[PDB]
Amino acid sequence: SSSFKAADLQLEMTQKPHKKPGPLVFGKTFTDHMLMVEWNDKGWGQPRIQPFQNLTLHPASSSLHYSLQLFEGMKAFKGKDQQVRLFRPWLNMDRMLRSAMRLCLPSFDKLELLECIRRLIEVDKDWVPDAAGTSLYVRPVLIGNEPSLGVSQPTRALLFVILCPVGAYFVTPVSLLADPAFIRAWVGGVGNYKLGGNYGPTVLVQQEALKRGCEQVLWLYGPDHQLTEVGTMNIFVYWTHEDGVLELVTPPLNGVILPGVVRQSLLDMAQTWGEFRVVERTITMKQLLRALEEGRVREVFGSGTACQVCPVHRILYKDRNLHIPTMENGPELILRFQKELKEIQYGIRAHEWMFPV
């Protein structure tokens, strides 16, 4: 139905701007402004940019009772020329609309939201840092807001966006706990959408990981222990495959994998190089062990917006530590992926992937 329009934006500037930072911790520091859009039985209201402020919700809000909530995560980068650019934001907009439809929340126009986000970033561009490795994290959210305890398609909703200046998350490698007792997502489920409900249950599992000397969780699937995701990151393996061919593999989008923007960007980059096989195929612990013993594994890493390419060096599997020679192999592929992404994101090389603010 009829989406809100960036033409109808309403600006309300803060009366007292907040003092910028001077070691930015991920997701804790927020900027002066936010986008807010209300939806109800009269359709979408006018978007507005307003000072960062608390939400007022009815205590029966379906957002809080039945997890009618979804989110996105994407980054804006400030180049030398002081120009700010979003990385592949259309893909985030596409994913967000898919999430919306899955939870029966209102459809909106992807380009209208992008423009409202652009404007919001414009208003707050001084918050976008420019130091090496820094960026602005953009967190759009769409939540149901029905004031009723019936499990139902909501007739009210709020779409809002907040911004965080950020540095890194932690090229330092990580250890993973691989315990098949915990299952992140199931074929036929909603693991392939960026819905809040997929994340809350992982908190206890991440604590078990820390208590057991690991930093992230490696989510395994199926009776053949398929490697699916690392924490909130897609997983990649750079090895020589069972048929003697050097390749980059990541599991295919079969339902239990969130289709990451960085994931897709790395598959694209590597395909464009034309220097080795790039494939989407199931990866099992059985295959990984055999390859590790036969010395065919060069690099293992996770990919995601907050930690774009995360080296892995250890997997704790069936109480037995497995060493991953990632850091011993350069890590060349990882360093090469990081360099090209940096050149693109900071505008050193022009690229259609970037959207200027």
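Residue indices: 1-based, along the sequence shown.
At least a third of the other compared entries skip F170 while keeping the residues on either side.
The modelled chain breaks between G22 and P23, where 1 to 3 residues of the deposited sequence lack coordinates. In terms of unmodelled positions of the deposited sequence, the stretch from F170 to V171 in this entry skips 4 to 9 residues. On average the C-alpha atoms of 317-325 have higher B-factors than those of the other stretch, with 45-53 and 317-325 being the two compared. The mean Cα B-factor in the deposited entry runs higher for 327-335 than for the other of 58-66 and 327-335.
Taking only the listed residues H241, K194, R98, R88, the entry reports the highest CA temperature factor at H241. Comparing the listed residues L267, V245, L113, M74, the entry records the largest Cα B-factor for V245. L210: CA B factor in the highest third of modelled residues in this chain (values from the PDB entry).
In this PDB entry, the Cα temperature factor of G189 sits in the bottom third of its chain's modelled residues, the lowest group. Sorting the modelled residues of the chain by their CA temperature factor places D109 in the highest third. Annotation for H225: CA B-factor lies in the middle third of the chain's modelled residues.
Sorting the modelled residues of the chain by their CA temperature factor places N234 in the lowest third.
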